[PDB]
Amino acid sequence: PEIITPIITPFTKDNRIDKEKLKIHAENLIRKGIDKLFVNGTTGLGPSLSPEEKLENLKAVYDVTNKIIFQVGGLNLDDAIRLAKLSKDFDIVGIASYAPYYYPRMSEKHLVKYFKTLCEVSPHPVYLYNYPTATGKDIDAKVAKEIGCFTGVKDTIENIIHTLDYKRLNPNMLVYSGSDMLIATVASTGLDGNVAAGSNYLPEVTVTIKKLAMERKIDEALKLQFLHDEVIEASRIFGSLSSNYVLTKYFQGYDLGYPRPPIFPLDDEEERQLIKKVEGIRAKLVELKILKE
């Protein structure tokens, strides 16, 4: 199994993508053993990015690595097709899309047509990003099999029965969980790994949970998983997508600038309070020899 980072998009003080900070972060992740980068995902504020910005992200990250899954979806299918075709010139792992968001009660037929359209134009393998809470719909194992053209799926759902069903119905599909709290479990149970937001700021933790689980040291993997859980919980106090910026700077030592409002940056007091919540975990991770003092 693999750990894949849904890489954060750093923004400047005037709300443009900070390409240089993005390259530094991508470089660090690969050097810490992250397998692939998922670009323009939720953690990277994909839905907040224009199609031009989604493409700018791909170009910046491609300067560092070809191990990229390029998320291209949105509510203008013409724009998503254009991004899919533009990716032809990039020797990457694949493209991906979440389901059309916002609109409630979209028919299965329309959801299927959206995805098959992307598959028909794609110059690369296509990955399903399934995220029912964010998009309002579920493209489950049965619907994925109907669509019939996915190389893999990232399933962001707490119900691992649903994630396992992709493998049951689609034995050749790569099946990843979008949970950070399921790294140990996913590795242990025969699935293909995790696309983990928290690997932006603790890539060494996420890779080590996976390694320990693979060695069948499940108790040691769970001890580490549970520490990582506490960091995820702390990130949720003030908003995880904002907090991820603060936590990357704290644990990794470089900054990723600003999020894009309405994902507002933490203020100084919130950042102080969050660091207070994770200080103790950092000390435990240093004692475990996962982080350097």
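All residue numbers are counted from 1 along the displayed sequence.
Look at the mean CA B-factor for 86-94 and for 159-167 in the entry; the higher one is 86-94. Higher mean CA temperature factor between 233-241 and 264-272: 264-272, per the PDB entry. In the PDB entry, the Cα temperature factor peaks, among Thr248, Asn40, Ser48, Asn66, at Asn66. Residue-level temperature factors show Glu215 in the highest third of its chain, judged at the C-alpha atom. When all modelled residues of the chain are sorted by CA temperature factor, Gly44 is found within the lowest third.
For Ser107, the recorded CA temperature factor ranks within the highest third of the chain's modelled residues. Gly190: CA B factor lies in the middle third for its chain, per the PDB record. When the modelled residues of the chain are ordered by C-alpha B-factor, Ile183 sits in the lowest third.
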